[PDB]
C-alpha cells in the first residue's frame, strides 16, 4: 500500500508514508569541512520494534526507518481533536560509514532533531510534491513527493489532503 507502514496489533496500518528523502550533511573531515548529499536508499526498511502506534499514557506514534550502515530517520507524531503533525523528526547517522562519510575525523554516531512543518487535518493525509525541507544542525532533509498520514483506522490513505504551503 505505502513505502513505509506501521501496523497495529490487528494488522491494520496506523501510519502510512510515501516520499523520496534527499539528505545534505556538513561533516568534519581530516582535510576540512565537507558537504555530502545522498538519498534514502530504495532498500530502507521500517524498524518494527522501534515504530509505534501509540501506547496509553506511555508513548505517541512513530515511524522509524533504518537505512545504510547504521542510520535511522524517525517521524514522531502529535495531534489535537482536529489536526496532527510530525512534531519531531530525528536523524541518527553513523559517521563511521565510509560510503556516505569518507575521511571523517570522528567515528561518532550523531543525533539531530527538529520540529517539522509536516501537518494535516485529522482524517486527511499530508501532501507535498515539491518537497518539504527540515533544517537540523549541519543537516537538511528534503522529503520529495510526500504523502504521509497518521491516526489511520484502515490500511489506506484518506481521500482528503492537506497540501504543504510550498505546493501553493
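Numbering follows the first chain given and starts at 1.
- For the pair 5 to 13 and 20 to 28, the record assigns the higher mean C-alpha temperature factor to 5 to 13.
- Taking the mean C-alpha B-factor of each stretch as recorded, 121 to 129 and 59 to 67 are not equal, and the higher mean is that of 59 to 67.
- The deposited CA B-factor of residue 51 belongs to the highest third of values across its chain.
- Among the modelled residues of the chain, residue 36 sits in the middle third by CA temperature factor in this PDB entry.
- Among all modelled residues in this chain, the alpha-carbon of residue 111 has a temperature factor (C-alpha) in the middle third.
- Ranked against the other modelled residues of its chain, the C-alpha B-factor of residue 98 as given in the entry falls in the highest third.
- Residue 142: CA B factor in the middle third of modelled residues in this chain (values from the PDB entry).
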